[PDB]
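Worksheet: one structure, shown below.
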Amino acid sequence: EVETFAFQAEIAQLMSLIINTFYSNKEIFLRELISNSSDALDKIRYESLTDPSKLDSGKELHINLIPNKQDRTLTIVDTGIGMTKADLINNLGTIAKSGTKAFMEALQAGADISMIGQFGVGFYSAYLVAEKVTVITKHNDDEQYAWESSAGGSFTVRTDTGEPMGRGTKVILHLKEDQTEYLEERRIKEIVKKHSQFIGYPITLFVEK
Ligand SMILES: CNC(=S)Nc1ccc(F)cc1F
């Protein structure tokens, strides 16, 4: 049972701008997704300060980076607060309509795509390097869901029958054919050291057979 939704016009416009603008500094997608994971981890940590049972779904607070060259995927896993179905549909828990408006206003006032995270829509920088993005998520107050989009104006949401995650979010980047440098260990390490050196959660880069 799969539900298909239209993006709001402004988000479709943001995604087409990210996909079609010539902009060589694509590596910032990873900084933006790690920053989103850190924000999600901060949220569940804050809730746990007054209600420890919020961590019954998992006490460890971390970020894993999992490249898979066979599948041509880079997955960013975190054990943060996750998202409900309603959050997923409402632009993955962002204020993306007003964030896109602010981002566009900034781009015409000198900004570049790398500043996208300052406008709360850094998730969509995934489409700098991915032809398709799958988001698997589990929030304490809802069931596990999979969101997916290859852009083109629509996204899908379905109940996820995959491996249970406990709590958190997994962003699966199905990389464009010419963006496979982001599966190479040395390239991912370089990006994490350059842009994510002060993130307050352990970031583990998995290796492959
Ligand atoms: C009321 N909001 C304002 S003033 N926002 C705003 C956003 C991006 C800019 F580049 C300039 C801006 F003024």
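In the structure tokens, chains take letters A, B, ... by order of appearance, with residues numbered from 1 within each chain and ligands from 1 in the order shown.
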
Every residue of stretch 2-196 of chain A that DSSP places in strand (DSSP E or B), as a PyMOL selection string: chain A and resi 2-6+63-68+73-78+130-138+145-149+154-159+168-175

Can you write just those residues out, C-alpha atoms, as a CSV table (one decimal), in the first residue's frame?
```csv
chain,number,residue,atom,x,y,z
A,2,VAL,CA,1.9,3.0,-1.3
A,3,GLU,CA,0.7,6.6,-1.2
A,4,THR,CA,1.9,9.1,-3.8
A,5,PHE,CA,1.9,12.9,-3.0
A,6,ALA,CA,2.7,16.0,-5.0
A,63,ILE,CA,25.7,8.6,13.2
A,64,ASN,CA,26.8,5.8,10.8
A,65,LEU,CA,28.0,6.3,7.2
A,66,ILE,CA,27.5,3.2,5.1
A,67,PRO,CA,28.8,3.1,1.5
A,68,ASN,CA,27.8,0.3,-0.7
A,73,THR,CA,24.3,3.8,-2.3
A,74,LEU,CA,25.6,6.0,0.5
A,75,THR,CA,23.4,5.6,3.6
A,76,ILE,CA,23.5,8.1,6.6
A,77,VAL,CA,22.0,6.4,9.7
A,78,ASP,CA,21.3,8.2,13.0
A,130,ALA,CA,21.5,11.4,-5.7
A,131,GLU,CA,19.1,10.4,-8.5
A,132,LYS,CA,16.8,8.9,-5.8
A,133,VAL,CA,16.6,9.3,-2.1
A,134,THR,CA,14.9,6.9,0.3
A,135,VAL,CA,14.2,7.9,3.9
A,136,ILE,CA,13.4,5.2,6.5
A,137,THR,CA,12.4,6.6,9.8
A,138,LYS,CA,11.0,5.5,13.2
A,145,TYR,CA,7.8,4.5,7.4
A,146,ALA,CA,9.7,4.8,4.1
A,147,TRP,CA,9.6,8.0,2.1
A,148,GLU,CA,11.0,8.1,-1.4
A,149,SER,CA,11.5,10.5,-4.3
A,154,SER,CA,6.2,13.6,-6.4
A,155,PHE,CA,7.2,11.5,-3.4
A,156,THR,CA,5.8,8.2,-2.0
A,157,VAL,CA,5.2,7.1,1.6
A,158,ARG,CA,4.6,3.5,2.7
A,159,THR,CA,4.8,1.5,5.8
A,168,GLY,CA,15.9,7.3,14.2
A,169,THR,CA,16.4,8.0,10.5
A,170,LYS,CA,18.2,6.4,7.6
A,171,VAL,CA,18.8,8.5,4.5
A,172,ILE,CA,19.6,6.2,1.5
A,173,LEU,CA,21.3,8.1,-1.4
A,174,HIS,CA,21.1,6.3,-4.7
A,175,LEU,CA,24.0,8.1,-6.3
```

Which residues are near ligand 1 in this structure, taking near to mean any atom at most 8 Å from a ligand atom and counting only C-alpha atoms and all ligand atoms? Format them as a compact mmCIF listing (two decimals) with C-alpha atoms, in the first residue's frame.
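New file selection.txt:
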```txt
# COMPACT_ATOMS: atom_id res chain seq x y z
CA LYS A 101 11.48 31.52 -0.02
CA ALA A 102 14.30 32.78 2.21
CA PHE A 103 16.94 30.71 0.33
CA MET A 104 15.83 32.09 -3.05
CA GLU A 105 15.90 35.63 -1.73
CA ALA A 106 19.45 34.98 -0.48
CA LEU A 107 20.64 33.45 -3.76
CA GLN A 108 19.68 36.56 -5.62
CA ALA A 109 21.46 38.63 -2.91
CA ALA A 111 24.51 33.58 -1.63
```

Find the distance between atom CA of residue A:40 and atom CA of residue A:23 and write it in Å to one decimal.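 So the answer is 27.9 Å.
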
Applying 12 Å and only C-alpha atoms, which residues near stretch 201-209 of chain A remain after dropping the ones on its own chain fewer than 5 positions away? List them as a PyMOL selection string. chain A and resi 30-31+34-35+37-42+45+60-71+74-80+182-193+196

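Minimum atom-to-atom distance to residue A:164, evaluated using only C-alpha atoms, belongs to A:143 out of A:143, A:17, A:82, A:200.
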
Out of A:89, A:81, A:49, A:15, which residue has the shortest atom-to-atom distance to residue A:122 when counting only C-alpha atoms?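 Checking each candidate against residue A:122, we get A:15 as the closest.
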
Quick one: residues within 8 Å of residue A:11, only C-alpha atoms, excluding same-chain residues fewer than 5 positions away - as a VMD selection string? chain A and resid 96 to 97 100

Which of these residues is nearest to residue A:195, using only C-alpha atoms: A:140, A:20, A:114, A:161?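 That would be A:114, the residue with the smallest distance to residue A:195.
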
Out of stretch 37-161 of chain A, which residues get helix (DSSP H, G or I) from DSSP, as a VMD selection string? chain A and resid 37 to 50 52 to 55 85 to 89 96 to 107 113 to 119 122 to 128

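Nearest to residue A:27 of all the residues A:125, A:160, A:165, A:48 is A:125, based on only C-alpha atoms.
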
Write out as a PDB file with C-alpha atoms, in the first residue's frame which residues come within 10 Å of residue A:19 when counting only C-alpha atoms, dropping same-chain ones fewer than 5 positions away.
```pdb
ATOM      1  CA  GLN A  13      11.141  24.464  -7.572  1.00  0.00           C
ATOM      2  CA  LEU A  14      13.858  24.084  -4.897  1.00  0.00           C
ATOM      3  CA  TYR A 124      17.269  18.597  -0.308  1.00  0.00           C
ATOM      4  CA  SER A 125      20.979  19.041  -1.057  1.00  0.00           C
ATOM      5  CA  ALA A 126      20.941  15.247  -1.257  1.00  0.00           C
ATOM      6  CA  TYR A 127      19.804  15.775  -4.871  1.00  0.00           C
ATOM      7  CA  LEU A 128      23.210  17.275  -5.675  1.00  0.00           C
ATOM      8  CA  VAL A 129      24.530  13.717  -5.782  1.00  0.00           C
ATOM      9  CA  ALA A 130      21.530  11.352  -5.699  1.00  0.00           C
ATOM     10  CA  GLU A 131      19.110  10.428  -8.452  1.00  0.00           C
ATOM     11  CA  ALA A 151      12.231  14.356  -7.756  1.00  0.00           C
TER      12      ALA A 151
END
```
